[PDB]
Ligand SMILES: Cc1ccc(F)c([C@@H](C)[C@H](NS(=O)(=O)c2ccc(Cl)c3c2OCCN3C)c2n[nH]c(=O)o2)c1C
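Take a look at this single chain, the form solved without the named molecule, given in structure tokens.
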């Protein structure tokens, strides 16, 4: 379209030779300073120059035209390096920089990755697209932290960490439940705590202050609170648009880290006890029956600051969700029961976008490196799915993320310790809805439903095989022995699911039992809000967003063209055949969505950034939606509540 014209113009205004554009980037001198400020690492430039003919000549510049209009503009704004406000890099250079950036001296490996990327089989995360092959690169997306200690020293030490992580272009999930509550005694000053609200206001303004890297994208901290904490009612108010500034912190994000007992008590209309973690230590450090045991003993002991009806807190959760679409809902017990890191102690939160379930502690900060598979690329013109090709590419991605753990420059050393001990990674997807469309399957169709399982079966299987071979080459991760996986327990086992006959799990179990695996966690479906737009696919595991993005969806176009002929259910001309296929996210049952998430969930060792779209959310509809999700086994029952 006009996409062609803009790409042609970029090609006019940039050098075509990849090693030359790389020289210009390393050689760059800042004109206000006169300082040599290379925009690429010398180490990378060296490897490139020693292999230039092969690398320069591997590049297929016609692939630059593969992007659509908004995809190309997005790259142009943010992903392609600028020498003095003027773009130096073509998309293809950027992808080959990233590729050598990850692979270094191994050109064979670098070209494999380059082609996979440039053809759009998968993509790496933005922080990796931005920073790979540059100096002291921070390539990770997700960070998780626990509040260090219930103290001014720990609060401010943890605040310094958020600041530094967020400068380094990372996102944050922070567990704050150990902080003592409004009204609680402080021996050190003979005073009374003001609790979480004003503490969080500091974090709030620290997020407003420290941009994520340097393109004006604002600090992003998700705050996690278990609903047994006394300050919960006020916490559920912090993001509301009205009220007094002292009672608010609207630039943060809010998640609940929810025990089973709470939902239990809500369903049965039982009483709910509110505690201070100082009066009642260690509730965040146990889960399930052990949590239930400790919680109940505390109530029996009178270590309770307020008893409220569970439906009263529930009602406040739902009020907050209707106003703000927040907080996010995580089931603490499902998170911990079905985690391959449970040998490490209780997991205290998820991350910014609700898909990472990794252990944290006062001296470990969870980190995750991310990548997403483009599931549309694996559909044939035959309307079969090429599961062999998916497993195959997945294995390359695992290899890629594993290498990044070792390359990365961590903003705080507790992040480095964490990643080096457990080697977790996070392979996600985008294009799921496109894959259904291309196989001619309505999202809600039983065919959709089988393909849903078999895709994630495939991803996990391939992911495991890759990590297993990495474990033969390099040894398993430090904390492997004692993990569920080290006992032949795999994710689906933990859901008591039996996998279809597509892959031979037996043989893979034997492989792992003999060699073990390199990475404690492998799969984690992230949002893909940037990289999805770049590749031109529906975000993530979301249903079809709409038939428009001033452009009509290319799949609907092609099909409507092949027949010779916003929602499309209103247009009488279009056959009922295609009306089913191209239902929007507003016209799909959310129950179904939760079932499918649970179903793919069995093959996902972390969790999934699962939005729920409801037009006109009410108490009735959210209550059933949440209980259905919890009862279905979800780690994350809801990321955002989306509405019109």
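Residue numbers count along the first chain shown, from 1.
As for the form deposited with the named molecule bound, it is not shown, yet the points below apply to it.
inquiry  = Give me the residue from 579, 52, 63, 591 that has a heavy atom within 4.5 Å of the named molecule in the bound PDB entry.
reply    = Here the answer is residue option 591.
task = Kindly indicate whether 614, 621 and 628 are, all three, within 4.5 angstroms of the named molecule in the bound PDB entry, using heavy atoms.
result = Yes, each of 614, 621 and 628 comes within 4.5 Å of the named molecule in the bound PDB entry.
query = Of the listed stretches (37 to 45, 22 to 30, 603 to 611, 583 to 591), which one has a non-hydrogen atom within 4.5 Å of the named molecule in the bound PDB entry?
reply = The contacting stretch here is 583 to 591.
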